[PDB]
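Given next are two forms of a protein chain, the same chain in both, each as structure tokens and marked structure 1 or structure 2.
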Structure 1
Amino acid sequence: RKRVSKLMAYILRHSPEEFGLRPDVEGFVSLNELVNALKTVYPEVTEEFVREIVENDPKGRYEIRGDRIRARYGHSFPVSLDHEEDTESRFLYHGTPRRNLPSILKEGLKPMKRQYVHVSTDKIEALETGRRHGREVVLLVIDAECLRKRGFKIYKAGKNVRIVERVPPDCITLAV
């Protein structure tokens, strides 16, 4: 389950054309074609097995609309997402290795290779995300009203994941 969901993230977010799949402007690909692509590496994968990963994913990583499937965030190619805006959250969190602090405190959170900067409404998931890149990880606290007043709307892309264009430095209130 974890292995296929990882390769599903690589296909839907980064290199769908590597498997001969062309996503539409919303990032959607046909579920039938992705199953055949997943079968190129793991032949035992079925459409039901794919619907299990989407239905049970603890982050709401994937979305199925009719006969199409997409990753809801994490893209490195630009897509057109229709997620609802988050006007509720007061604070948002981002985990990052300690080495990135001088540049983040100066330039703010940039999207890097992804289309959007990714933050979370949860401290654990934010810190867990940052641990993917290093050992000494710090928790960044982001004033969500600071972002809105500066014209950077936050969108509800996952259960707790939130995407935003970028985070200016003075919207980071605390590093722990």
Structure 2
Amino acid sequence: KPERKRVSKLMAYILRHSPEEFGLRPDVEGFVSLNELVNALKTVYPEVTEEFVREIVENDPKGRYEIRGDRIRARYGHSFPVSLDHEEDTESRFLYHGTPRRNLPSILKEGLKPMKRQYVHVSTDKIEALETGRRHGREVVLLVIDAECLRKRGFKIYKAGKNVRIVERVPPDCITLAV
């Protein structure tokens, strides 16, 4: 039971908080592959197996985790943006992202590409978009994102709680500048 508890706590950290310090990239719903999670756990606890994780999941008294096929997620408590139920934002016309002036040349040429995760996050609220960017640098530049542009190229936009939205990427065509 001690081994189950220390492994469980580490799964909670990986699955809710920082999958990128283990090289993992969750999908929009928060899932990573089970084999990747096992390999990640094994770097701290070499005895972990996929069968051990399945038992932790199925015996968890709180419903912390969900396995769907060969993928696994935490069901709650995330501190990075997820769309747990794949809920589409069909109504937003404009979305916003704040970029420090430093990353302006690459962002303008590339758009917003997924780096740490499988998707990028933006906001419906321009002030909240600016605040997010300030945490990443000074002299933040507002990107205005045409959501209908995004949908025309097949990028579904997902609700991720309150004003946050996620999308696989934002091509440069969908972006214009503002203060």
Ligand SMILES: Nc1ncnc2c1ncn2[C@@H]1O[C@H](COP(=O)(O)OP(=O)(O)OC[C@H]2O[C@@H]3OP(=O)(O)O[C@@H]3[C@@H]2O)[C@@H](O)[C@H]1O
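By convention here, residues take numbers in order along the sequence of structure 1, the first being 1.
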I want to make sure I have the labels right. Is the form deposited with this ligand bound structure 1, or is it structure 2?
1
Specify which of 58, 114, 81, 98 corresponds to the hinge in the chain, comparing the rigid parts between structure 1 and structure 2.
81
Can you give the angle, in degrees, through which the smaller rigid part turns between structure 1 and structure 2?
98
